[PDB]
Amino acid sequence: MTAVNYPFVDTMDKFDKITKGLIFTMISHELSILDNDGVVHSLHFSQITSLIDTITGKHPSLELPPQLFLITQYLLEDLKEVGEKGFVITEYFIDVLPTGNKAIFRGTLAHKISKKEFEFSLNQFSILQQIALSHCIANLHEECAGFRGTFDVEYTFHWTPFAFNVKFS
Amino acid sequence: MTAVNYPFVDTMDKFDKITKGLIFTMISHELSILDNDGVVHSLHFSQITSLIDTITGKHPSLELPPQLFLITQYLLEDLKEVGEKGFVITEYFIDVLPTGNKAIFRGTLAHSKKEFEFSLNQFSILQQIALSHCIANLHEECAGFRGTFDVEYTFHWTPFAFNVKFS
């Protein structure tokens, strides 16, 4: 019986003490998180995954273009409907406002010439949401890859089919 | 200017408070976890992902066949080397022993025939859960044997049958 030890013993020991604490037989699938203030927030495994995946950028939703990301995240049914009527976003601005946790999603729809303009004040645009949207901007082109994990910064992302830019305030 | 509110406000609130605590600008990428007794364990994002994904079954290493899973997990170089010599595992047993945190990975290699046996130590509840996901991913019939820990069983595998024998 060739005795073989696990390579990451110490790292494994941490997992054991945690997993052993989740036993109640089954695993609770829910981990408590302690913040700076000292408050425990009970989050399910799926929520912890989502929080980490968004901050790291591995979340599948962060591959979406910034506009499509906002549309999927804020349930912008009106902009889906105009897409089904032959309209496409020809230009859009995302104004991120850290104070107030808002995001102004404004732009111009065109048939391609009929043109409709839109404007949405996306509330609750927290730090997490600011990080996520920076991942969408960075995944559009390698030119914007440096703008990744940017939060608590007021900026406007201007997009056209010919140029994309981030202007700071 | 139409005002659109986020659907999951409260779920987001929890994230925000937590995310505020990781700010040092950049994020700490490390979360502090509290267990039942009241002990805090500060684990990195990568570790927490690995722990959660292992318990849920989403980890990529759990798709591997159970023997190839063990080989990769414990760095069983000897079984790779004999593989390079035209030998293949014709039969293998995995005896899970919860008391003592061991897994006996025994079996037979054939091209002459060399049999093998490994005592995989530190086979904890997390690893017992992982192995149950590999057994379940082998066939749909064995899917019920998922998330099994603290149970003494032997997994017998042949090319023509697979079985879980409980003790």
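Values in this text are rule-based calculations from the coordinates and carry no lab data. Cβ sites come from the backbone with ideal geometry, for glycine too, and all protein chains shown count toward neighbours.
Here are some notes:
- Scan of the stretch A:74-103 for residues that are assigned to a strand (DSSP E or B), of a type outside the set (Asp, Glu) and within 14 Å of chain B (Cβ to nearest Cβ), ordered by number: A:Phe93, A:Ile94, A:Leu97, A:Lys102, A:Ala103
- Any hit, the stretch A:116-128, residues being more than 20 Å from A:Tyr74 (Cβ to Cβ) and among the basic types (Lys, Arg): no
- Among the residues of the stretch B:131-153, at least one is more than 20 Å from B:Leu76 (Cα to Cα), within 20 Å of the chain's Cα centre (by Cα) and in a strand (DSSP E or B).
- Test result for A:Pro60, surrounded by fewer than 17 Cβ atoms within 10 Å (Cβ to Cβ) and under 21 Å from A:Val166 (Cα atoms): no
- Residue that is within 23 Å of A:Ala138 (Cβ to Cβ) and hydrophobic (A, V, I, L, M, F, W, C), where the choices are A:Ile71, A:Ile33, A:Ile113, A:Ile48: A:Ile71
- Residue that is surrounded by the most Cβ atoms within 10 Å (Cβ to Cβ), among those in the stretch B:119-139 that are within 8 Å of chain A (Cβ to nearest Cβ) and of a type in the set (A, V, I, L, M): B:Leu120
- Per this entry, B:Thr108 is counted among residues that are hydroxyl-bearing (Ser, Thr, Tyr), surrounded by 13 or more Cβ atoms within 10 Å (Cβ to Cβ) and assigned to a strand (DSSP E or B).
- Count of the stretch A:2-16 residues which are at the interface with chain B (Cβ under 7 Å from one of its Cβ atoms), exposed (fewer than 14 other Cβ atoms within 10 Å of the Cβ) and not polar (S, T, N, Q): 3
- Residues of the stretch A:23-73 classified as polar (S, T, N, Q), at the interface with chain B (Cβ under 10 Å from one of its Cβ atoms) and under 12 Å from the mean Cα position of the chain (by Cα), total: 4
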